[PDB]
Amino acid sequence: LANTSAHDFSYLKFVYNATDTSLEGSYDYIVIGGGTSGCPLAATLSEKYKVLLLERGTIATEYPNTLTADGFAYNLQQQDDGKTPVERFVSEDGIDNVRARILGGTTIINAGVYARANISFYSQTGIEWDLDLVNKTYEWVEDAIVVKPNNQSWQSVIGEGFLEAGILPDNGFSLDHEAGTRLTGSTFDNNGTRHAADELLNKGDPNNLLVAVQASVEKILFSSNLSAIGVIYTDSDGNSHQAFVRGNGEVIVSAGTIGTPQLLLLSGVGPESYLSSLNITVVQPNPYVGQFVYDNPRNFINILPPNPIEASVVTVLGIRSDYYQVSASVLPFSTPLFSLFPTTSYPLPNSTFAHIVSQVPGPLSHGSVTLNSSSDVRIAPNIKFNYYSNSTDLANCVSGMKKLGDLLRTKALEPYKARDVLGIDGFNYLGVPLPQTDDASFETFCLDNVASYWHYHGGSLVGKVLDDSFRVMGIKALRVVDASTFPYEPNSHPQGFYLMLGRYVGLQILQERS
């Protein structure tokens, strides 16, 4: 595990403005998106080969509130001016949401919770994983940016609550996604310093890795044995640039659940009838590009203790197969955190509150990413998740809400009631309280008060768009590595999986080429 230490910006020595035309040329690999998967992928490929990493955002030093736990709220409260690290969107379902626009991707703006994948996930996928190498690669990530959290009073209250509510067993401190209650890792260190995927660029070879920032990749270029041969990208001034791969080298899209399918569709990889309807020339028909896009529901209550509670980062997890639960203790604010609640029309907290949360696994409900512009990658795509379209998801939310009621009735949580009465009506709530306990009362609560967990995934799935080598089927020299790749969450908190996956696939590419 990592130690408490400053955020390591050594890598800025090989970070350049995309306005620099001397970056245009031929590389062994081009990685699109300097994010959770892309940064460890590019660093790994750079051990042997010449790599260009292209990121649309700027460097995290421009937005210092991205570098502390205390700055998390600021990034979500900040107005989206096109340049900020948080890009705001609303799904077609009407649920507010965010994605990252910054070198380091979503590991620069996220809640810092670190977990390994459920060890059963690898067999569930039917991919031939090198499991020894998966674990070596988890340790490579953890040694860089993961700490054992110190005790925080509220996380300890919630952990005692989860155990008293029957979320057993007590796993103590563990990075593994296992049934029961545990202290997990964090990418915040014990001084509140954020550590993130950009720091994994410090593991790259500085003679072989180049990083362009404010590089908006608009199009994947193809041969005229269809192969990806390069990219077009625009700089902050609006000027265009090209970069190519050479010989046995490859383009990898790491632009996230939203950005990957967007760029594939803009580049003519996707459903023939849809792309022909936009007069986008089809290079490779695949009816699944932008399909099977998922967002795990977040359902929640907010309690307002009569005495102040200490603000905390999330470190204590209550895991069952059918729901994943945490709680944050949150300082009050008068400017909303965009997407913390599902719409801007949510009450503001006047005092410290506990946000007590359950996540639906999978989920089984899915939707799609479609283009909003047939030409401009800077124009956000349309995204729809179809929350609770699958009844199994709704049943799982009912089970999770019953368990949050159990948590609120524990001796652990009793001291946080406003009134010493028998029920959970003894708490004071911000927003809608929990349930009458008939299925319809819990289903109404689940459906009406859903928010994003921010763990959306899918849109370029293995088994639909990709093979088990993460290659785009029917195309040479093109791969996809990021959260677009799997339909079900690997665990409650997937950044650890996707950090591992960038390096893992980098190591597979290097091996396939030897």
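For every residue, the number given is its place in the sequence shown, counted from 1.
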item	value
Residue 410 unmodelled in at least a third of other compared entries	no
Residue 302 dropped in a third or more of the other entries	no
Deposited residues lacking coordinates between residue 435 and residue 436 (none, 1 to 3, 4 to 9, 10 or more)	1 to 3
Unmodelled deposited residues flanked by residue 345 on one side and residue 346 on the other	none
292-300 or 334-342, whichever carries the higher mean Cα B-factor	334-342
Mean C-alpha B-factor comparison - 76-84 and 108-116, higher one	76-84
Residue, from 262, 190, 239, 91, that the PDB entry assigns the highest Cα B-factor	190
Out of 286, 151, 137, 216, highest CA B-factor residue	151
Assigned third (lowest, middle, highest) for the C-alpha B factor of residue 446	middle
Ranked C-alpha temperature factor of residue 351 among modelled chain residues, by third	highest
Assigned third (lowest, middle, highest) for the C-alpha B factor of residue 49	middle
Ranked C-alpha temperature factor of residue 60 among modelled chain residues, by third	middle
Among modelled residues of the same chain, the CA temperature factor third for residue 413	highest
